[PDB]
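One file, run-v8.txt, is given below (compact mmCIF, C-alpha atoms).
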# COMPACT_ATOMS: atom_id res chain seq x y z
CA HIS A 100 16.57 42.67 38.65
CA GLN A 101 20.27 43.39 38.89
CA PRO A 102 22.46 43.43 42.01
CA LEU A 103 25.33 45.79 42.67
CA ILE A 104 28.30 46.32 44.97
CA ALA A 105 29.02 49.24 47.27
CA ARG A 106 32.00 51.22 46.05
CA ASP A 107 34.31 53.40 48.12
CA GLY A 108 36.05 56.70 47.71
CA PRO A 109 36.31 58.85 44.61
CA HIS A 110 34.08 56.65 42.48
CA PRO A 111 30.55 57.97 41.92
CA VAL A 112 27.78 56.18 43.76
CA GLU A 113 25.71 53.65 41.81
CA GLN A 114 21.96 53.05 42.14
CA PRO A 115 19.73 50.12 41.12
CA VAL A 116 17.51 50.21 38.07
CA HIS A 117 15.86 47.35 36.25
CA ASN A 118 15.15 46.04 32.78
CA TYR A 119 11.81 45.04 31.28
CA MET A 120 12.18 44.00 27.66
CA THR A 121 9.42 42.95 25.28
CA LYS A 122 9.66 40.73 22.21
CA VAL A 123 7.18 39.76 19.49
CA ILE A 124 6.27 36.30 18.21
CA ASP A 125 7.08 35.26 14.64
CA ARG A 126 4.56 33.53 12.39
CA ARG A 127 5.54 30.44 10.42
CA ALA A 128 3.31 28.17 8.39
CA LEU A 129 3.91 25.03 6.35
CA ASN A 130 1.92 22.89 3.90
CA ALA A 131 2.24 19.43 2.36
CA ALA A 132 1.43 15.94 1.34
CA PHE A 133 -1.80 15.12 -0.54
CA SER A 134 -3.03 14.32 -4.07
CA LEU A 135 -5.51 12.07 -5.90
CA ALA A 136 -6.43 11.03 -9.44
CA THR A 137 -9.71 10.97 -11.36
CA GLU A 138 -9.85 7.20 -11.96
CA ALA A 139 -9.91 6.68 -8.19
CA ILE A 140 -12.49 9.41 -7.51
CA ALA A 141 -14.89 7.78 -9.92
CA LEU A 142 -14.13 4.45 -8.29
CA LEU A 143 -14.06 5.31 -4.58
CA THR A 144 -17.63 6.65 -4.63
CA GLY A 145 -20.89 6.20 -6.48
CA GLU A 146 -19.86 6.01 -10.10
CA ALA A 147 -17.77 3.01 -11.02
CA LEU A 148 -19.32 0.42 -8.73
CA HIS K 100 7.06 4.06 -1.05
CA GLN K 101 8.59 7.24 0.34
CA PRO K 102 8.15 9.58 3.34
CA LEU K 103 7.66 13.35 3.08
CA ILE K 104 8.54 16.50 4.96
CA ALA K 105 6.26 19.55 5.34
CA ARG K 106 8.33 22.34 3.74
CA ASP K 107 7.42 25.94 4.52
CA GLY K 108 7.46 29.06 2.41
CA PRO K 109 8.77 30.04 -1.02
CA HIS K 110 8.83 26.59 -2.56
CA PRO K 111 6.55 24.10 -4.36
CA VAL K 112 4.43 21.94 -2.08
CA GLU K 113 5.96 18.49 -1.62
CA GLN K 114 3.62 15.80 -2.87
CA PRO K 115 3.71 12.06 -2.13
CA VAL K 116 5.27 9.84 -4.75
CA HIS K 117 5.41 6.10 -5.21
CA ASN K 118 7.73 4.17 -7.49
CA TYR K 119 7.07 0.77 -9.05
CA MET K 120 9.93 -1.04 -10.78
CA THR K 121 10.17 -4.35 -12.59
CA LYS K 122 13.35 -6.44 -12.72
CA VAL K 123 13.73 -9.76 -14.50
CA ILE K 124 15.31 -13.03 -13.37
CA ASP K 125 18.22 -14.85 -15.02
CA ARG K 126 18.69 -18.46 -16.18
CA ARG K 127 22.03 -20.22 -16.11
CA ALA K 128 23.17 -23.84 -16.12
CA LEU K 129 25.98 -25.98 -14.75
CA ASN K 130 27.41 -29.34 -15.80
CA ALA K 131 29.82 -32.18 -14.97
CA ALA K 132 30.44 -35.61 -16.49
CA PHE K 133 31.97 -38.82 -15.15
CA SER K 134 32.75 -40.97 -18.20
CA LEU K 135 32.77 -44.53 -16.93
CA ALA K 136 35.42 -47.07 -17.94
CA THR K 137 34.34 -49.46 -20.70
CA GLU K 138 35.29 -52.96 -19.56
CA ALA K 139 34.39 -52.11 -15.96
CA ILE K 140 30.82 -51.46 -17.11
CA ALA K 141 30.72 -55.04 -18.37
CA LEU K 142 32.33 -56.14 -15.12
CA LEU K 143 29.59 -54.53 -13.04
CA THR K 144 26.57 -55.22 -15.25
CA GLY K 145 26.96 -58.97 -15.15
CA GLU K 146 27.92 -61.38 -17.92
CA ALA K 147 31.61 -61.28 -17.11
CA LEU K 148 31.82 -63.57 -14.08
Show me, as structure tokens, the structure contained in the file I just sent.
Amino acid sequence: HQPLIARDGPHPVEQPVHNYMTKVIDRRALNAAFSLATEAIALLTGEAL
Amino acid sequence: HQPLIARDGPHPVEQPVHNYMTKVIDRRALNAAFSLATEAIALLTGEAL
């Protein structure tokens, strides 16, 4: 909500208006960081015990 | 072992890696020699008194 200043004489008279702006939200996604091998998967469960 | 980041978008997914290396020790040798004086050996060992 903007202010203004009274202005004399030959200048035209100003009047207050306002600004309401809208902005969207961007979407960002990331992915990382995991892997395994078969010799463990046999050994971590059931099979190779 | 190494740490990872969690890259986003048009790239391969970063996967965790570990690196094992084997490095071998070294053998060296030092030396010094105090050759002892002939008659003085007889003078210290006895049988010249």
| field | Exercise answer, chain A residues close to chain K, 6 Å and all atoms listed in the file, as a ChimeraX atom specification | value | /A:129-133
File dump, residues just selected, C-alpha atoms, as a tab-separated table (two decimals), in the frame of the given file:
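Output file out-v2.tsv follows:
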chain	number	residue	atom	x	y	z
A	129	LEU	CA	3.91	25.03	6.35
A	130	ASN	CA	1.92	22.89	3.90
A	131	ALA	CA	2.24	19.43	2.36
A	132	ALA	CA	1.43	15.94	1.34
A	133	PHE	CA	-1.80	15.12	-0.54
All file atoms of stretch 130-146 of chain A boxed axis-aligned, 3 Å per side, centre plus edges, as JSON:
{"center_x": -9.3, "center_y": 13.7, "center_z": -4.0, "size_x": 29.1, "size_y": 24.4, "size_z": 21.9}
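For the pair atom CA of residue K:110 and atom CA of residue A:128, the interatomic distance is 12.4 Å.
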With all Cα atoms paired residue by residue, do a least-squares superposition of chain A on chain K and hand back the transformed coordinates as a PDB file with C-alpha atoms, in the coordinates of the input.
ATOM      1  CA  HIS A 100       6.568   4.334  -0.025  1.00  0.00           C
ATOM      2  CA  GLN A 101       8.513   7.527   0.517  1.00  0.00           C
ATOM      3  CA  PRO A 102       8.015  10.150   3.237  1.00  0.00           C
ATOM      4  CA  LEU A 103       8.428  13.878   2.819  1.00  0.00           C
ATOM      5  CA  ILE A 104       8.721  17.098   4.804  1.00  0.00           C
ATOM      6  CA  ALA A 105       6.477  20.146   4.713  1.00  0.00           C
ATOM      7  CA  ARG A 106       8.282  23.110   3.214  1.00  0.00           C
ATOM      8  CA  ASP A 107       7.548  26.782   3.803  1.00  0.00           C
ATOM      9  CA  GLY A 108       7.458  29.917   1.741  1.00  0.00           C
ATOM     10  CA  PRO A 109       8.562  30.405  -1.842  1.00  0.00           C
ATOM     11  CA  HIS A 110       9.395  26.759  -2.443  1.00  0.00           C
ATOM     12  CA  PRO A 111       6.844  24.828  -4.513  1.00  0.00           C
ATOM     13  CA  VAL A 112       4.712  22.334  -2.643  1.00  0.00           C
ATOM     14  CA  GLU A 113       5.686  18.661  -2.862  1.00  0.00           C
ATOM     15  CA  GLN A 114       3.306  15.692  -3.083  1.00  0.00           C
ATOM     16  CA  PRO A 115       3.786  11.962  -2.406  1.00  0.00           C
ATOM     17  CA  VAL A 116       4.164   9.418  -5.167  1.00  0.00           C
ATOM     18  CA  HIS A 117       5.480   5.890  -4.981  1.00  0.00           C
ATOM     19  CA  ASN A 118       7.726   3.449  -6.785  1.00  0.00           C
ATOM     20  CA  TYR A 119       6.912  -0.064  -7.970  1.00  0.00           C
ATOM     21  CA  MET A 120       9.834  -1.609  -9.814  1.00  0.00           C
ATOM     22  CA  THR A 121       9.959  -5.019 -11.469  1.00  0.00           C
ATOM     23  CA  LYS A 122      12.987  -7.198 -12.174  1.00  0.00           C
ATOM     24  CA  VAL A 123      13.467 -10.468 -14.062  1.00  0.00           C
ATOM     25  CA  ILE A 124      15.204 -13.650 -12.926  1.00  0.00           C
ATOM     26  CA  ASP A 125      18.382 -14.861 -14.634  1.00  0.00           C
ATOM     27  CA  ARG A 126      18.889 -18.469 -15.695  1.00  0.00           C
ATOM     28  CA  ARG A 127      22.116 -20.285 -14.869  1.00  0.00           C
ATOM     29  CA  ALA A 128      22.918 -23.941 -15.352  1.00  0.00           C
ATOM     30  CA  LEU A 129      25.962 -26.084 -14.630  1.00  0.00           C
ATOM     31  CA  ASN A 130      27.120 -29.625 -15.446  1.00  0.00           C
ATOM     32  CA  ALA A 131      29.819 -32.003 -14.218  1.00  0.00           C
ATOM     33  CA  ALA A 132      31.475 -35.047 -12.851  1.00  0.00           C
ATOM     34  CA  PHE A 133      30.885 -38.494 -14.403  1.00  0.00           C
ATOM     35  CA  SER A 134      32.601 -41.020 -16.703  1.00  0.00           C
ATOM     36  CA  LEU A 135      33.109 -44.780 -17.112  1.00  0.00           C
ATOM     37  CA  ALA A 136      35.140 -47.232 -19.191  1.00  0.00           C
ATOM     38  CA  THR A 137      34.202 -50.265 -21.281  1.00  0.00           C
ATOM     39  CA  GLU A 138      36.164 -52.858 -19.276  1.00  0.00           C
ATOM     40  CA  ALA A 139      34.050 -51.991 -16.232  1.00  0.00           C
ATOM     41  CA  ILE A 140      30.730 -51.972 -18.115  1.00  0.00           C
ATOM     42  CA  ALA A 141      31.368 -55.485 -19.330  1.00  0.00           C
ATOM     43  CA  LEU A 142      32.356 -56.433 -15.802  1.00  0.00           C
ATOM     44  CA  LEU A 143      29.747 -54.651 -13.675  1.00  0.00           C
ATOM     45  CA  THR A 144      26.849 -56.432 -15.399  1.00  0.00           C
ATOM     46  CA  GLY A 145      26.056 -59.666 -17.178  1.00  0.00           C
ATOM     47  CA  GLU A 146      29.028 -60.216 -19.429  1.00  0.00           C
ATOM     48  CA  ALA A 147      32.296 -60.832 -17.653  1.00  0.00           C
ATOM     49  CA  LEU A 148      31.042 -62.784 -14.658  1.00  0.00           C
TER      50      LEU A 148
END
| message | Under the rule that only C-alpha atoms are counted, which of A:145, A:139, A:134, A:100 is the nearest residue to residue A:120? | response |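 Ranking A:145, A:139, A:134, A:100 by distance to residue A:120, first place goes to A:100.
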| task | Quote the spacing between atom CA of residue K:118 and atom CA of residue A:136 in Å to one decimal place. | result |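 According to the coordinates, atom CA of residue K:118 and atom CA of residue A:136 are separated by 15.9 Å.
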| field | Interatomic distance (Å, one decimal) between atom CA of residue A:142 and atom CA of residue K:101 | value | 24.5 Å
